[PDB]
>>> print(open('upload_24.cif').read())   # mmCIF, C-alpha atoms
data_coords
loop_
_atom_site.label_atom_id
_atom_site.label_comp_id
_atom_site.auth_asym_id
_atom_site.auth_seq_id
_atom_site.Cartn_x
_atom_site.Cartn_y
_atom_site.Cartn_z
CA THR A 39 34.33 -2.26 -5.67
CA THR A 40 30.59 -2.55 -5.79
CA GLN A 41 27.89 -4.54 -7.47
CA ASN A 42 24.57 -3.05 -8.61
CA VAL A 43 21.61 -4.82 -7.09
CA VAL A 44 18.36 -4.14 -9.05
CA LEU A 45 15.27 -5.00 -7.00
CA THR A 46 12.05 -5.39 -9.05
CA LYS A 47 8.68 -5.68 -7.39
CA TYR A 48 5.91 -7.36 -9.38
CA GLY A 49 2.21 -7.96 -8.42
CA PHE A 50 0.32 -10.87 -9.80
CA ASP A 51 -3.28 -11.91 -9.56
CA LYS A 52 -4.25 -13.46 -6.23
CA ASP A 53 -3.90 -17.14 -7.17
CA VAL A 54 -0.78 -16.85 -9.33
CA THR A 55 2.55 -17.50 -7.67
CA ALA A 56 5.56 -16.60 -9.87
CA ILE A 57 8.48 -19.09 -10.26
CA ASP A 58 11.66 -17.83 -8.57
CA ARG A 59 14.20 -16.16 -10.85
CA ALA A 60 18.01 -16.32 -10.30
CA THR A 61 20.08 -13.20 -9.85
CA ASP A 62 21.49 -13.46 -13.40
CA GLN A 63 18.08 -13.36 -15.12
CA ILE A 64 16.40 -10.25 -16.39
CA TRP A 65 12.73 -10.81 -16.07
CA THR A 66 10.04 -8.47 -17.38
CA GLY A 67 7.30 -9.90 -15.14
CA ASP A 68 5.15 -11.05 -18.12
CA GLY A 69 1.72 -11.27 -16.65
CA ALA A 70 2.29 -8.84 -13.68
CA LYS A 71 2.05 -5.22 -12.65
CA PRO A 72 5.14 -3.32 -11.36
CA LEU A 73 4.52 -2.05 -7.80
CA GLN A 74 5.45 1.54 -7.19
CA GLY A 75 6.13 3.14 -3.81
CA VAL A 76 7.30 0.03 -1.89
CA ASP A 77 9.86 1.00 0.73
CA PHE A 78 12.93 -1.20 1.51
CA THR A 79 15.86 -0.92 3.92
CA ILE A 80 19.05 -2.82 3.04
CA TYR A 81 20.97 -3.87 6.17
CA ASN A 82 24.68 -4.63 6.21
CA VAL A 83 24.57 -7.92 8.06
CA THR A 84 28.24 -8.82 7.32
CA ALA A 85 29.15 -8.64 11.01
CA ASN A 86 26.05 -10.59 12.16
CA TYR A 87 26.65 -13.32 9.59
CA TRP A 88 30.43 -13.64 10.16
CA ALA A 89 30.08 -13.78 13.96
CA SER A 90 28.81 -17.38 13.21
CA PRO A 91 27.80 -18.27 9.59
CA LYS A 92 26.22 -21.61 10.33
CA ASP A 93 23.94 -19.95 12.95
CA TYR A 94 22.81 -17.04 10.75
CA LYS A 95 19.01 -16.91 10.29
CA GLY A 96 18.44 -13.33 9.06
CA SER A 97 18.99 -11.22 12.16
CA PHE A 98 19.60 -7.56 11.43
CA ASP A 99 19.80 -6.59 15.11
CA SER A 100 22.51 -3.88 15.42
CA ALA A 101 23.29 -4.06 11.70
CA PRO A 102 24.11 -0.74 9.97
CA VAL A 103 21.76 0.50 7.28
CA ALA A 104 23.55 0.11 3.94
CA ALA A 105 20.75 1.95 2.05
CA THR A 106 17.07 2.74 1.85
CA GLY A 107 14.95 2.97 -1.26
CA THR A 108 11.52 3.12 -2.75
CA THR A 109 10.35 1.38 -5.91
CA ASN A 110 9.72 3.64 -8.90
CA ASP A 111 7.11 3.41 -11.74
CA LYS A 112 8.81 0.32 -13.10
CA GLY A 113 8.64 -1.36 -9.72
CA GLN A 114 12.41 -0.87 -9.36
CA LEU A 115 15.08 0.28 -7.07
CA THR A 116 18.78 0.06 -7.76
CA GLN A 117 21.62 0.24 -5.23
CA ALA A 118 25.39 -0.14 -5.57
CA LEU A 119 26.66 -2.21 -2.62
CA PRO A 120 30.35 -2.83 -1.59
CA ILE A 121 31.23 -6.45 -2.38
CA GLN A 122 33.49 -6.61 0.71
CA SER A 123 32.81 -5.28 4.21
CA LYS A 124 34.25 -5.73 7.70
CA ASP A 125 33.11 -8.17 10.35
CA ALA A 126 32.77 -7.14 14.01
CA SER A 127 36.48 -7.48 14.75
CA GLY A 128 37.45 -5.38 11.70
CA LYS A 129 38.54 -8.19 9.40
CA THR A 130 37.48 -7.79 5.77
CA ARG A 131 35.07 -10.40 4.45
CA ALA A 132 32.63 -11.09 1.69
CA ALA A 133 29.72 -8.66 2.34
CA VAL A 134 26.29 -9.89 3.31
CA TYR A 135 23.14 -7.75 2.84
CA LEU A 136 19.60 -8.25 4.12
CA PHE A 137 16.57 -6.72 2.28
CA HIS A 138 13.71 -5.80 4.58
CA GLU A 139 10.43 -4.34 3.25
CA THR A 140 9.22 -1.58 5.55
CA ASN A 141 6.12 -0.30 3.67
CA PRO A 142 4.17 -2.51 1.28
CA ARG A 143 1.86 -1.18 -1.43
CA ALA A 144 -1.77 -0.84 -0.47
CA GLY A 145 -3.57 -4.06 -1.35
CA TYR A 146 -0.38 -6.22 -0.97
CA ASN A 147 1.20 -8.30 1.77
CA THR A 148 4.79 -7.62 2.66
CA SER A 149 7.57 -9.83 1.21
CA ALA A 150 9.73 -12.01 3.41
CA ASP A 151 13.23 -10.80 4.45
CA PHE A 152 16.02 -12.19 2.24
CA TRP A 153 19.81 -11.95 2.20
CA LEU A 154 22.74 -12.66 -0.07
CA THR A 155 26.50 -12.67 -0.17
CA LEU A 156 28.42 -10.58 -2.67
CA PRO A 157 29.77 -10.87 -5.23
CA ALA A 158 26.63 -12.55 -6.56
CA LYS A 159 25.99 -14.06 -9.96
CA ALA A 160 25.27 -11.19 -12.32
CA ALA A 161 23.28 -10.99 -15.56
CA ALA A 162 25.01 -10.12 -18.88
CA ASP A 163 24.76 -6.39 -18.04
CA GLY A 164 26.66 -6.79 -14.70
CA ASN A 165 23.62 -6.21 -12.49
CA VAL A 166 22.33 -8.57 -9.80
CA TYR A 167 18.52 -8.95 -10.11
CA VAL A 168 16.31 -9.79 -7.12
CA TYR A 169 12.51 -10.19 -7.35
CA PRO A 170 10.82 -10.24 -3.94
CA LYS A 171 7.35 -11.73 -3.85
CA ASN A 172 4.44 -9.51 -2.90
CA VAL A 173 1.23 -11.45 -2.67
CA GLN A 174 -1.96 -9.47 -3.45
CA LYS A 175 -4.52 -9.38 -0.68
CA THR A 176 -8.21 -9.07 -1.10
CA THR A 177 -9.59 -5.68 -0.15
CA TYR A 178 -13.09 -4.27 -0.29
CA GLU A 179 -14.88 -1.15 -1.47
CA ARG A 180 -18.09 0.79 -1.12
CA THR A 181 -19.90 3.26 -3.31
CA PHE A 182 -22.84 5.55 -2.49
CA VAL A 183 -25.01 7.60 -4.85
CA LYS A 184 -26.54 10.74 -3.39
CA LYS A 185 -30.01 11.46 -4.75
CA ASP A 186 -32.87 13.91 -4.37
CA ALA A 187 -35.60 11.86 -2.63
CA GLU A 188 -38.37 13.53 -4.61
CA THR A 189 -36.98 13.71 -8.14
CA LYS A 190 -34.63 10.70 -7.75
CA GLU A 191 -32.00 12.60 -9.73
CA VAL A 192 -28.36 12.45 -8.62
CA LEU A 193 -27.22 15.26 -6.29
CA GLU A 194 -23.72 16.78 -6.42
CA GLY A 195 -21.84 18.43 -3.59
CA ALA A 196 -23.15 16.52 -0.57
CA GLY A 197 -20.45 15.95 2.11
CA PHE A 198 -20.06 12.93 4.40
CA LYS A 199 -17.67 11.50 7.04
CA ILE A 200 -17.36 7.83 7.85
CA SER A 201 -17.35 6.54 11.42
CA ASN A 202 -16.59 3.15 13.04
CA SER A 203 -18.10 1.41 16.10
CA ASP A 204 -15.62 3.18 18.45
CA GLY A 205 -16.92 6.61 17.35
CA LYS A 206 -13.71 7.37 15.43
CA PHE A 207 -13.76 8.77 11.89
CA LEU A 208 -11.91 7.90 8.70
CA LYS A 209 -8.97 10.00 7.58
CA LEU A 210 -7.06 9.06 4.47
CA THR A 211 -3.29 9.58 4.43
CA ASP A 212 -0.49 9.01 1.97
CA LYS A 213 1.90 5.99 2.33
CA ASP A 214 3.93 7.96 4.93
CA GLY A 215 0.95 8.96 7.13
CA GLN A 216 0.82 12.59 5.81
CA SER A 217 -2.44 14.43 5.08
CA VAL A 218 -3.77 14.40 1.55
CA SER A 219 -6.34 16.63 -0.18
CA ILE A 220 -9.28 14.45 -1.09
CA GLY A 221 -11.70 15.72 -3.74
CA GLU A 222 -15.15 14.65 -4.80
CA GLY A 223 -16.28 11.21 -5.92
CA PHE A 224 -14.95 7.68 -5.46
CA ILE A 225 -11.44 7.66 -3.96
CA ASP A 226 -9.15 5.03 -5.43
CA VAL A 227 -7.04 4.26 -2.30
CA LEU A 228 -5.36 1.34 -4.10
CA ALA A 229 -4.31 3.36 -7.20
CA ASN A 230 -2.94 6.23 -5.05
CA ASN A 231 -1.35 4.00 -2.38
CA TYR A 232 -3.28 5.75 0.42
CA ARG A 233 -3.94 4.50 3.96
CA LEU A 234 -7.12 4.35 6.06
CA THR A 235 -6.70 5.78 9.59
CA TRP A 236 -9.20 6.41 12.38
CA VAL A 237 -9.20 9.81 14.13
CA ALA A 238 -11.33 12.41 15.93
CA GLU A 239 -14.39 13.66 14.02
CA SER A 240 -12.88 17.12 13.42
CA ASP A 241 -9.74 15.66 11.72
CA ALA A 242 -11.67 13.28 9.44
CA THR A 243 -11.70 13.19 5.65
CA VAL A 244 -14.85 14.64 4.01
CA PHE A 245 -16.11 12.61 1.07
CA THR A 246 -18.33 14.51 -1.42
CA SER A 247 -20.82 13.37 -4.01
CA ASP A 248 -19.57 14.19 -7.50
CA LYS A 249 -21.55 15.28 -10.62
CA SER A 250 -23.03 11.74 -10.87
CA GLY A 251 -23.87 11.67 -7.16
CA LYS A 252 -21.11 9.19 -6.43
CA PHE A 253 -18.72 8.92 -3.58
CA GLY A 254 -16.92 6.18 -1.69
CA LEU A 255 -13.57 4.39 -1.66
CA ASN A 256 -11.70 1.12 -1.98
CA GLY A 257 -8.97 -0.39 0.16
CA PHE A 258 -11.05 -1.48 3.19
CA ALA A 259 -9.49 -4.47 4.99
CA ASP A 260 -12.68 -6.56 5.49
CA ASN A 261 -16.38 -6.93 4.58
CA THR A 262 -17.60 -7.74 8.12
CA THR A 263 -17.00 -4.46 10.01
CA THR A 264 -19.96 -1.97 10.16
CA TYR A 265 -19.24 1.69 9.40
CA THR A 266 -21.61 4.67 9.22
CA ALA A 267 -21.83 7.40 6.55
CA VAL A 268 -22.75 10.64 8.37
CA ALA A 269 -23.87 13.75 6.43
CA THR A 270 -21.75 16.84 7.23
CA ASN A 271 -22.39 19.18 4.30
CA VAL A 272 -25.99 19.33 3.08
CA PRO A 273 -26.87 21.00 -0.24
CA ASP A 274 -28.98 24.18 0.34
CA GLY A 275 -32.70 23.39 0.11
CA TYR A 276 -32.37 19.83 1.43
CA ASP A 277 -32.69 18.16 4.84
CA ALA A 278 -29.65 16.16 6.01
CA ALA A 279 -29.71 12.51 4.99
CA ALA A 280 -30.22 10.01 7.81
CA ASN A 281 -27.06 8.17 8.91
CA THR A 282 -26.32 5.15 6.74
CA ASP A 283 -24.86 1.97 8.24
CA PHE A 284 -22.84 -0.13 5.79
CA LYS A 285 -20.18 -2.77 5.26
CA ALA A 286 -17.45 -2.66 2.71
CA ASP A 287 -19.08 -5.32 0.59
CA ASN A 288 -18.29 -3.96 -2.90
CA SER A 289 -21.92 -2.77 -3.36
CA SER A 290 -23.40 0.59 -4.49
CA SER A 291 -26.47 1.91 -2.67
CA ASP A 292 -28.42 5.21 -2.72
CA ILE A 293 -28.50 7.87 0.01
CA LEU A 294 -31.62 10.10 -0.23
CA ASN A 295 -31.87 13.83 0.55
CA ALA A 296 -35.46 15.14 1.07
CA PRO A 297 -36.07 18.64 -0.25
CA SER A 298 -36.84 20.86 2.74
CA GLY A 299 -40.59 21.64 2.89
CA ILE A 300 -41.89 25.21 2.81
CA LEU A 301 -45.36 25.50 4.34
CA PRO A 302 -47.73 28.45 3.48
#
>>> encode(input="upload_24.cif", output="structure tokens")
Amino acid sequence: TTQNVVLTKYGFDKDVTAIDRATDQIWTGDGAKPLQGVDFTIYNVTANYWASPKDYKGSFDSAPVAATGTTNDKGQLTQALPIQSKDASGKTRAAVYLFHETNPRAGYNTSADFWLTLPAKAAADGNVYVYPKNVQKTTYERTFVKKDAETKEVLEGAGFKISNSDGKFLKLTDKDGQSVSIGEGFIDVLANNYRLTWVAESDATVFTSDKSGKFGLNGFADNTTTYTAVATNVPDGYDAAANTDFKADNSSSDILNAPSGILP
């Protein structure tokens, strides 16, 4: 015999803190966005808890994994969990499960570990609803516009890498650290749940000016670190732009390409 636990993950604006909801309440998150792609592990902490209930403070050391999941488009994951489980000596007991977030959405803090005993109070549909709190964190962005220095018109197709003070270069990955194919223009790290990593120059992500000259990204952690945009692919007939120091301060600024001179 199992109970269905439905976990729903909602993001609110930075200074809005949702009221807790009981397990028997179906809440639509009025005022929030569902958070997709958030990874959880559910630990079977029955044995840890029943070793000494009054001393239990959320340890999942040595606890078996009861399930793993990832939130879908509705911010949800659903898992059927046995309402009874064995303690360490093999005696059956009311099951206890601990929910541990292993991979938050880009732009969000992780939620705190929580745990519950089954059977839990269920809503009218028989499901047990939990709503872990993911607080939005401030992140920063930067946009560049590539232009022809002489005409001042926007220039498409110019390639750049971004370096930090250690001489490492930015490579975007997906939520699991795998390579992604990054196209032209401004890269919405937050919308795609990407990650910023720092690697050798030859493994770095190339950012490319689009038809409006634009490139850049969001999802930087701070606005105090200095990075450098370095030209790597120069449109034929131009001289390479000079390196551009910047901070992720949410600004747009221009990068100029001088037409190469032809003398007589």
>>> resolve_selection(input="upload_24.cif", expression="the PyMOL selection byres ((chain A and resi 195) around 12)", output="PyMOL selection string")
chain A and resi 183-186+192-194+196-198+221-223+244-253+269-274+276+295
>>> residues_near_point(input="upload_24.cif", point="(22.1, -3.5, -9.8)", cutoff="12 Å", atoms="all atoms listed in the file", output="PyMOL selection string")
chain A and resi 40-46+61-64+114-120+156-169
>>> write_last_selection(input="upload_24.cif", atoms="C-alpha atoms", output="PDB file, in the coordinates of the input")
ATOM      1  CA  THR A  40      30.590  -2.550  -5.790  1.00  0.00           C
ATOM      2  CA  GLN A  41      27.890  -4.540  -7.470  1.00  0.00           C
ATOM      3  CA  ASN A  42      24.570  -3.050  -8.610  1.00  0.00           C
ATOM      4  CA  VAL A  43      21.610  -4.820  -7.090  1.00  0.00           C
ATOM      5  CA  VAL A  44      18.360  -4.140  -9.050  1.00  0.00           C
ATOM      6  CA  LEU A  45      15.270  -5.000  -7.000  1.00  0.00           C
ATOM      7  CA  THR A  46      12.050  -5.390  -9.050  1.00  0.00           C
ATOM      8  CA  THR A  61      20.080 -13.200  -9.850  1.00  0.00           C
ATOM      9  CA  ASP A  62      21.490 -13.460 -13.400  1.00  0.00           C
ATOM     10  CA  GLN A  63      18.080 -13.360 -15.120  1.00  0.00           C
ATOM     11  CA  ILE A  64      16.400 -10.250 -16.390  1.00  0.00           C
ATOM     12  CA  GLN A 114      12.410  -0.870  -9.360  1.00  0.00           C
ATOM     13  CA  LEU A 115      15.080   0.280  -7.070  1.00  0.00           C
ATOM     14  CA  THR A 116      18.780   0.060  -7.760  1.00  0.00           C
ATOM     15  CA  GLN A 117      21.620   0.240  -5.230  1.00  0.00           C
ATOM     16  CA  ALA A 118      25.390  -0.140  -5.570  1.00  0.00           C
ATOM     17  CA  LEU A 119      26.660  -2.210  -2.620  1.00  0.00           C
ATOM     18  CA  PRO A 120      30.350  -2.830  -1.590  1.00  0.00           C
ATOM     19  CA  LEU A 156      28.420 -10.580  -2.670  1.00  0.00           C
ATOM     20  CA  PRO A 157      29.770 -10.870  -5.230  1.00  0.00           C
ATOM     21  CA  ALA A 158      26.630 -12.550  -6.560  1.00  0.00           C
ATOM     22  CA  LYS A 159      25.990 -14.060  -9.960  1.00  0.00           C
ATOM     23  CA  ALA A 160      25.270 -11.190 -12.320  1.00  0.00           C
ATOM     24  CA  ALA A 161      23.280 -10.990 -15.560  1.00  0.00           C
ATOM     25  CA  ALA A 162      25.010 -10.120 -18.880  1.00  0.00           C
ATOM     26  CA  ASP A 163      24.760  -6.390 -18.040  1.00  0.00           C
ATOM     27  CA  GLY A 164      26.660  -6.790 -14.700  1.00  0.00           C
ATOM     28  CA  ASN A 165      23.620  -6.210 -12.490  1.00  0.00           C
ATOM     29  CA  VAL A 166      22.330  -8.570  -9.800  1.00  0.00           C
ATOM     30  CA  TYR A 167      18.520  -8.950 -10.110  1.00  0.00           C
ATOM     31  CA  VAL A 168      16.310  -9.790  -7.120  1.00  0.00           C
ATOM     32  CA  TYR A 169      12.510 -10.190  -7.350  1.00  0.00           C
TER      33      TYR A 169
END
>>> atom_distance(input="upload_24.cif", atom1="atom CA of residue A:57", atom2="atom CA of residue A:108")
23.6 Å
>>> resolve_selection(input="upload_24.cif", expression="the PyMOL selection byres ((chain A and resi 210) around 12)", output="tab-separated table (two decimals) with C-alpha atoms, in the frame of the given file")
chain	number	residue	atom	x	y	z
A	199	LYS	CA	-17.67	11.50	7.04
A	200	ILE	CA	-17.36	7.83	7.85
A	207	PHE	CA	-13.76	8.77	11.89
A	208	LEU	CA	-11.91	7.90	8.70
A	209	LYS	CA	-8.97	10.00	7.58
A	211	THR	CA	-3.29	9.58	4.43
A	212	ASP	CA	-0.49	9.01	1.97
A	213	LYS	CA	1.90	5.99	2.33
A	214	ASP	CA	3.93	7.96	4.93
A	215	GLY	CA	0.95	8.96	7.13
A	216	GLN	CA	0.82	12.59	5.81
A	217	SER	CA	-2.44	14.43	5.08
A	218	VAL	CA	-3.77	14.40	1.55
A	219	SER	CA	-6.34	16.63	-0.18
A	220	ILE	CA	-9.28	14.45	-1.09
A	221	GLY	CA	-11.70	15.72	-3.74
A	225	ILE	CA	-11.44	7.66	-3.96
A	226	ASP	CA	-9.15	5.03	-5.43
A	227	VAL	CA	-7.04	4.26	-2.30
A	228	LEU	CA	-5.36	1.34	-4.10
A	230	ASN	CA	-2.94	6.23	-5.05
A	231	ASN	CA	-1.35	4.00	-2.38
A	232	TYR	CA	-3.28	5.75	0.42
A	233	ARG	CA	-3.94	4.50	3.96
A	234	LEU	CA	-7.12	4.35	6.06
A	235	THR	CA	-6.70	5.78	9.59
A	236	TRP	CA	-9.20	6.41	12.38
A	237	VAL	CA	-9.20	9.81	14.13
A	241	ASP	CA	-9.74	15.66	11.72
A	242	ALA	CA	-11.67	13.28	9.44
A	243	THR	CA	-11.70	13.19	5.65
A	244	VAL	CA	-14.85	14.64	4.01
A	245	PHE	CA	-16.11	12.61	1.07
A	254	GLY	CA	-16.92	6.18	-1.69
A	255	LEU	CA	-13.57	4.39	-1.66
A	256	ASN	CA	-11.70	1.12	-1.98
A	257	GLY	CA	-8.97	-0.39	0.16
A	258	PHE	CA	-11.05	-1.48	3.19
>>> resolve_selection(input="upload_24.cif", expression="the PyMOL selection byres ((chain A and resi 100) around 10)", output="PyMOL selection string")
chain A and resi 81-83+85-86+97-99+101-103
>>> closest_residue(input="upload_24.cif", among="A:282, A:201, A:84, A:261", to="residue A:128", atoms="all atoms listed in the file")
A:84
